[PDB]
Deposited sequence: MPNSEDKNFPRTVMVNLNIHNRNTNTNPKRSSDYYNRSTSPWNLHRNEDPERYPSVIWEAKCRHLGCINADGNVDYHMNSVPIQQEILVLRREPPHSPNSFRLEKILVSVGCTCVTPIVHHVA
């Protein structure tokens, strides 16, 4: 264990609507985790929006997955003690050539 003290008191999105692989945000909630709420990107379409403004299936919208560190309550249900943990979160969508 490398135990440290953390003080939790801390001292654009509408532009991504113009993406050829647009996404919406999905609420992910876990009361055993900090941050408990994580907004996860879900691609709106299987294809990408082409020059005509239409969904084109010759290209694919794919979620960008990132490794994210979160705090897991340790022991479970502990309000003040945690262990660092890695999870995968979707942070947006990009358009790929299959």
**Request:** Pop the missing stretches of the deposited sequence into a list, counting residues from 1 and keeping sequence order.
**Result:** 1-9, 21-30, 118-123
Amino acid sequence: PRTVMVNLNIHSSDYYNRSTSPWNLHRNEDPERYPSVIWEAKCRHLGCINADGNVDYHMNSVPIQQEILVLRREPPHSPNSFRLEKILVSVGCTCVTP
From here on, numbers count along this sequence of modelled residues.
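Throughout, rigid core stands for the largest set of C-alpha atoms superposing within 1.5 Å between the two forms.
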**Item:** Greater root mean square CA deviation, 15-23 compared with 86-94 in 7 other deposited structures of this protein, core aligned
**Value:** 15-23
**Message:** On mean Cα temperature factor in this entry, is 63-71 or 23-31 the higher one?
**Reply:** 23-31
**Request:** Sort the modelled residues of this chain by their C-alpha B factor and say whether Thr97 lands in the lowest, middle or highest third.
**Result:** highest
